[PDB]
Amino acid sequence: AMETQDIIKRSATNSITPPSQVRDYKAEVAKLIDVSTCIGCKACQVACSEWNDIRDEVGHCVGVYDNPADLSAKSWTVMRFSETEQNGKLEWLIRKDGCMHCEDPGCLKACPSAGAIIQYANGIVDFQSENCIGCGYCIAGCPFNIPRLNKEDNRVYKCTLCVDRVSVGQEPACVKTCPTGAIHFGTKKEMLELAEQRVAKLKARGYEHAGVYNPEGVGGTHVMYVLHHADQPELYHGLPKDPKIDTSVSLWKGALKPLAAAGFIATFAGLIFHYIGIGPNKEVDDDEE
Amino acid sequence: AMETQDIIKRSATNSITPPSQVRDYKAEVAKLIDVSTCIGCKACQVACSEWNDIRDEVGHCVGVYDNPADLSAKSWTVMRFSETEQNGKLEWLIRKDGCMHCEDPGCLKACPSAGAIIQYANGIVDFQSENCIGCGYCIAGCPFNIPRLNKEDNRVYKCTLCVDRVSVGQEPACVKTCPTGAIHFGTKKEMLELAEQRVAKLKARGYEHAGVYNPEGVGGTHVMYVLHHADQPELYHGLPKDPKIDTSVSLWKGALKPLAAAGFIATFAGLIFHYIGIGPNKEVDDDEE
Amino acid sequence: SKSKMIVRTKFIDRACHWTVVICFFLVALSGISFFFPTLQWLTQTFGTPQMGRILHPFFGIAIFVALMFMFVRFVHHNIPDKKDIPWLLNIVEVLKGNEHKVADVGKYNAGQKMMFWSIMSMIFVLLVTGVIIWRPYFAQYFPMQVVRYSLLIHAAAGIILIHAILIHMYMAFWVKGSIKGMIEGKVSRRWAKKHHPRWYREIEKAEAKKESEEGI
Ligand code: HEM
Ligand code: HEM
Ligand code: SF4
Ligand code: SF4
Ligand code: SF4
Ligand code: SF4
Ligand code: SF4
Ligand code: SF4
Ligand code: SF4
Ligand code: SF4
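Following this line, the structure appears as structure tokens:
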């Protein structure tokens, strides 16, 4: 572990013993998914599985184009389809779903196993499986419901932002494959620029609420979207509006720990000083004099 | 760890359980810095930081060209300048400073954390950060004052001899960049040859004490110098004359340990056999008969 | 002489003592983990090796502060005097459980006094060398050579103190009735007569006399 010496966050690691991160002068990268240019071809699902050496089961059709129906340990990205008339005419909104590579990841914050989840200087959040204990805390800590457990090895898996390709200078497999160029990749700074240019074009076409989805509640994401209707992200098969780490999780992983620590220390002190101060309670402390 | 199976030395590892080193049939490599051809351009500082993804702070000028003023966790090599008239006329002696990759490294000898410092069969001494506890023992163990702690992660860093480039067949970044060819790289055997050829040329120009700096006190180094004045290495901004691991460190990390071990074992034996032999010292051993 | 026990140690000095013992356990074990790296388990004394490196010196400082409180409260009772010679000469006889027969023992015996000064001198040495080798806060101000000597001396002092404590615990376990006095504070008069004659004689006199001074 830590061979790259650019680990800026590490799960279950005390704040006063930070992970190796001297090689942190690197530009943050990002994937930009422009749903207004997506044709729902699923090429990204196929390219992802092919590159990553994984295959999900052959499922069933239950009335919709969506398939697989959900992310799983063997499907790291899935296209989600939504038909709606909420905006005045029939629209088919199609969105690629998978890890958002949050700047402040809830999965990492909730994880109880040291080093099971890490965040690289470039923004990629990845699972170091040797340390995963299969507790599933990360599934609840994630504001986007992304981590998935593999029944065959009790470990979670998800989109790695093709860390094995990016680490040596190549863009992710899904990015490269996208037929229409709905998916873009590069430094986050220039992806934000491309996103704003696209939003301007959508507004010029009549989408007054077009916008970039890069949620401040999780510190921004390294997988962002350009949405025709940024005022209604739920329309895109439940994309959360203003996502953030849940308050109960923040308290549980935050203040509860040192509070409990103080109680324990204080209790031990009290009991110890108590025994010593007063002495045992035996049958006769009186005939001892 | 040990994936390369060519680890010839490992910190805090008992001598009877040596590290994996079956793949040890490899030629030793070396960098040769000919200070008589150095123009003090600092290209090596820049190339090093660029390649290694590190950036130090923008410092201050306090009257000399030297900058940064010292090696740090973010500056793995620095040019050191010295103006002198000690040899009869004004000379500007300029020397590239950084890890010497000693054959018998004092940093590794002083380190108390298993695997935090290792030595490869080819001569490269490197820090495995996952195991570093930030004690700083290596800073004192080093005869050249090279290791530097990163305040942001409590770990030491230094020149890695571009282990990530050399491991796959390419010379270090500073070696390649050197404008005048003052820095050379190759197998240590041929670098020693180049060094002697250079020394011969310097002698022919009037430098009767020109020589190669490859200190026997540390078993030779994998970063060597050709010096115009090898009889006065201190002139080159304090380069040590006849460096060696300090006697106090050798005793502390050497004989003190087994001695203490014997005392502990012997003490435990004595006390145990003592209790058993004589028995407790209670209030009355006499009315027990 | 009509009470099962007599107070040997006040609550304040008992509280301190056991605070020192708990801190010492953590500091000694973490120190040993750096000294003998093969004993990997000890690298988890403070949770993780990284944490142990950080906390060792802080708990060390706490031990020194507490031992200085102990120093000013016990030193006057640990002063070597000509009466201690008898002890020093029949050590072999004392170890066989026959000290009373061979020596004059007051509040604390000659062995306890030697231990006291050994312990007090070593913690001072450990404090000074410890500060010198303390990164990131203090080591920077000291010449490398001084840091090196301090690394050697600190290790040596730490080992000496741990041996000393091993012996100090053993004796405490050996001269039965002793641990209770340090936990509860009281010693039975017979324990006082056998192991510390002169001492109890003094309490007995101080006792009776001042109560006889009242004017019953
Ligand atoms: C008086 C306060 C003390 C201070 C400031 C102190 C400080 C230090 C420091 C800074 C280190 C180097 C590693 C690290 O940073 O954790 C160290 C090592 C050590 N200390 Fe202490 N310490 C103190 C007390 C003690 C005591 C009371 C003992 C004995 C129980 C002890 C035994 C050791 C040992 C054995 C080592 C490791 C040396 C080696 O690697 O061979 N220390 N201490
Ligand atoms: C679990 C381990 C220990 C036990 C059972 C223990 C037990 C005792 C007992 C029973 C006494 C008083 C005996 C009497 O009344 O004559 C005593 C005194 C003392 N102990 Fe400990 N102790 C332990 C550890 C330590 C440590 C770690 C230190 C400091 C490094 C320490 C320092 C002292 C001192 C300074 C005294 C006073 C002695 C004098 O004034 O001569 N003890 N201990
Ligand atoms: S490959 Fe591109 S166009 Fe096709 S479904 Fe995925 S994001 Fe949409
Ligand atoms: S989307 Fe979920 S799994 Fe991905 S980085 Fe964010 S919190 Fe972690
Ligand atoms: S399941 Fe998630 S939370 Fe649990 S150890 Fe593995 S990565 Fe961490
Ligand atoms: S970035 Fe890589 S891991 Fe993530 S969805 Fe795309 S192809 Fe799969
Ligand atoms: S790059 Fe070469 S010439 Fe330039 S300062 Fe460094 S060693 Fe000297
Ligand atoms: S120069 Fe110092 S840091 Fe480098 S190998 Fe030698 S002893 Fe270790
Ligand atoms: S600071 Fe140095 S001596 Fe200490 S563990 Fe890290 S590499 Fe080893
Ligand atoms: S060999 Fe590599 S790490 Fe060392 S100074 Fe040169 S460029 Fe930097």
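Protein chains in written order, with the numbering used here: chain A, 153 to 441; chain B, 153 to 441; chain C, 384 to 599.
In this text, a Cβ means the ideal position worked out from N, Cα and C, and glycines have one as well.
(message) Quick check on B/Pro-324: buried or exposed, where buried means 16 or more other Cβ atoms within 10 Å of its Cβ?
(response) Residue environment: B/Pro-324 is assigned as buried (16 or more neighbouring CB atoms within 10 Å of its CB, all protein chains considered).
(request) Can you say whether B/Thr-229 is buried or exposed, counting buried as having 16 or more other CB atoms within 10 angstroms of its CB? (result) Classification for B/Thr-229: buried.
(request) Establish whether the CB of A/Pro-432 and some CB of chain C are separated by less than 9 angstroms. (result) Chain C, which has a Cβ nearer than 9 angstroms to the Cβ of A/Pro-432, makes this yes.
(message) As an exercise, report each continuous beta strand (DSSP E) stretch of at least 3 residues that is fully enclosed by the segment 372-437 of chain B, in chain order.
(response) List check, beta strand (DSSP E) in window: 375-379.
(message) Against B/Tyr-289, what residues of chain A qualify as contacts under a CB-to-CB distance less than 8 angstroms, listed in chain order?
(response) Those do not exist, as B/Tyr-289 stays about 17 angstroms from chain A at its closest Cβ, beyond 8 angstroms.
(message) Pull the bridge partners of A/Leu-245 from the DSSP assignment, please.
(response) Paired residues: A/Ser-234.
(request) Report back the beta-carbon spacing between A/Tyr-359 and A/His-336 to the nearest angstrom; my notes put them in contact at under 8 angstroms. (result) Actually they are not in contact, since the Cβ atoms of A/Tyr-359 and A/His-336 sit about 19 angstroms apart, beyond 8 angstroms.
(request) Quick one: using the 10 Å Cβ neighbour count with 16 as the cut-off for buried, is C/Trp-582 buried or exposed? (result) C/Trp-582 counts as buried, since at least 16 other C-beta atoms from the protein chains shown sit within 10 angstroms of its C-beta.
(request) Could you tell me whether the Cβ of C/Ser-571 comes closer than 9 angstroms to any Cβ of chain D? (result) No chain D appears in the structure shown, which is made up of the protein chains A, B and C.
(request) Mind listing the chain A neighbours of C/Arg-391? Cutoff is C-beta to C-beta under 9 angstroms, in chain order. (result) Ordered by position in chain A, no residue passes the 9 angstroms Cβ test against C/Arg-391, which lies about 14 angstroms from the chain.
(message) Given the structure, does A/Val-174 come close to ligand 4, in the sense that its CB is under 8 angstroms from one of the ligand's heavy atoms?
(response) Closer than 8 angstroms to some heavy atom of ligand 4: that does not describe the Cβ of A/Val-174.
(request) Check whether the Cβ of C/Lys-387 lies closer than 9 angstroms to any Cβ atom in chain B. (result) Not closer than 9 angstroms to any Cβ of chain B, the Cβ of C/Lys-387 fails to qualify, so no.
(request) Pull every residue with its beta-carbon under 7 angstroms away from any heavy atom of ligand 8, and keep them in chain order. (result) Cβ-based neighbours of ligand 8 within the cut-off: B/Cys-251, B/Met-252, B/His-253, B/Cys-254, B/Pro-257, B/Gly-258, B/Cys-259, B/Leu-260, B/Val-277, B/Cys-290, B/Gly-293, B/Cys-294, B/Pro-295, B/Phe-296, B/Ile-298, B/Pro-299, B/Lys-310 and B/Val-370.
(message) Just to make sure I have the definition right: I need the residues of chain B whose C-beta is within less than 7 angstroms of the C-beta of C/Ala-522. Which are they?
(response) For C/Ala-522, the chain B residues whose Cβ falls inside 7 angstroms of its Cβ are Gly-288, in order along the chain.
(request) Could you work out which residues of chain B lie near A/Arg-247, taking near to mean beta carbons separated by less than 9 angstroms? (result) Residues of chain B passing the Cβ test: none, with the nearest at roughly 34 angstroms.
(message) I need the DSSP call for B/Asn-204, collapsed to helix, strand or coil.
(response) Taken through DSSP and simplified to helix, strand or coil, B/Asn-204 comes out as helix.
(request) Please check if any C-beta of chain C sits within less than 9 angstroms of the C-beta of A/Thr-419. (result) At a cut-off of 9 angstroms between beta carbons, A/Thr-419 makes no contact with chain C.
(message) Need the endpoints of the alpha helix (DSSP H) that C/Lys-576 sits in, please.
(response) Its alpha helix (DSSP H) spans residues 572-578.
(request) For residue 342 of chain C, go through chain B and note every residue whose CB falls closer than 8 angstroms to its CB, in chain order. (result) Lying outside 384 to 599, the shown extent of chain C, residue 342 of chain C is not represented and no answer is given.
(message) Could you tell me the alpha carbon to alpha carbon distance between A/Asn-302 and C/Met-503, rounded to whole angstroms?
(response) Roughly 59 angstroms between the two C-alpha positions.
(message) By the DSSP assignment, the beta strand (DSSP E) with B/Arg-175 in it spans what residues?
(response) That residue, B/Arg-175, is in no beta strand (DSSP E); it is neither H nor E in DSSP.
(request) Please confirm if A/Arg-175 has its CB atom under 9 angstroms from at least one CB of chain B. (result) It does: the Cβ of A/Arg-175 has a partner Cβ on chain B nearer than 9 angstroms.
(message) Any heavy atom of ligand 5 inside 8 angstroms of the beta-carbon of A/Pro-171?
(response) In this structure, A/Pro-171 has its beta carbon at no less than 8 angstroms from each heavy atom of ligand 5.
(request) Compare the beta carbon distance of A/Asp-218 and A/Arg-232 with 9 angstroms and say whether it is the shorter of the two. (result) In contact: A/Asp-218 and A/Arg-232 (Cβ atoms closer than 9 angstroms).
(request) Could you pull the start and end residues of the beta strand (DSSP E) that B/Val-277 belongs to? (result) From DSSP, the beta strand (DSSP E) with B/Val-277 extends over 277-279.
(request) Take C/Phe-457 as the anchor and find which of C/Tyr-491, C/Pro-440, C/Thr-431 and C/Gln-433 has the nearest alpha-carbon. (result) For C/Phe-457, the closest alpha carbon among the candidates C/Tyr-491, C/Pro-440, C/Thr-431 and C/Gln-433 is that of C/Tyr-491.
(request) Have a look at A/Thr-189, A/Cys-263 and A/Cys-294 and flag the residue whose alpha-carbon is nearest the alpha-carbon of A/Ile-285. (result) Here the closest residue by C-alpha is A/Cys-263.
(message) Can you list, in chain order, the residues of its chain with a C-beta nearer than 7 angstroms to that of C/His-439? Leave out the 5 residues immediately preceding and following it.
(response) Short of 7 angstroms from the beta carbon of C/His-439, and not among the five residues preceding or following it, lie these beta carbons of its own chain, in chain order: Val-410, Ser-413 and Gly-414.
(message) Less than 9 angstroms between the beta carbons of A/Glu-180 and A/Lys-340, yes or no?
(response) Going by C-beta atoms, A/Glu-180 is nearer than 9 angstroms to A/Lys-340.
(message) Output needed for C/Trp-470: all residues of its chain with C-beta closer than 8 angstroms, excluding positions within five of it in sequence on either side, in chain order.
(response) So the qualifying residues of the chain are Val-477, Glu-482, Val-485, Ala-486, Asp-487, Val-488, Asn-492, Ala-493 and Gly-494.
(request) Identify which residue in B/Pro-395, B/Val-216, B/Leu-313 and B/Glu-282 has its Cα closest to the Cα of B/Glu-235. (result) Among B/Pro-395, B/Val-216, B/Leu-313 and B/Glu-282, the Cα nearest to that of B/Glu-235 belongs to B/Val-216.
(request) Give the range of the alpha helix (DSSP H) segment to which C/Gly-443 is assigned. (result) Membership of C/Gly-443 in the alpha helix (DSSP H) is indicated by the continuous run 432-457.
(message) Taking the straight line between their C-alpha atoms, what separation do you get for B/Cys-213 and B/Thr-165?
(response) Our two residues, B/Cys-213 and B/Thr-165, have alpha carbons roughly 44 angstroms apart in a direct line.
(request) Can you check the segment 307-353 of chain B for any alpha helix (DSSP H) of at least 4 residues that lies completely inside it and give the ranges in chain order? (result) Those alpha helix (DSSP H) runs which fall completely within the segment 307-353 of chain B and span 4+ residues are 315-318 and 325-329.
(request) Since I believe C/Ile-545 is in contact with C/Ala-555 (beta carbons under 8 angstroms), could you give me their beta-carbon distance rounded to a whole number of angstroms? (result) The pair is not a contact, with the Cβ atoms about 15 angstroms apart (cut-off 8 angstroms).
(message) Given the structure, does A/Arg-162 come close to ligand 5, in the sense that its CB is under 8 angstroms from one of the ligand's heavy atoms?
(response) Result no, Cβ not under 8 angstroms from ligand 5.
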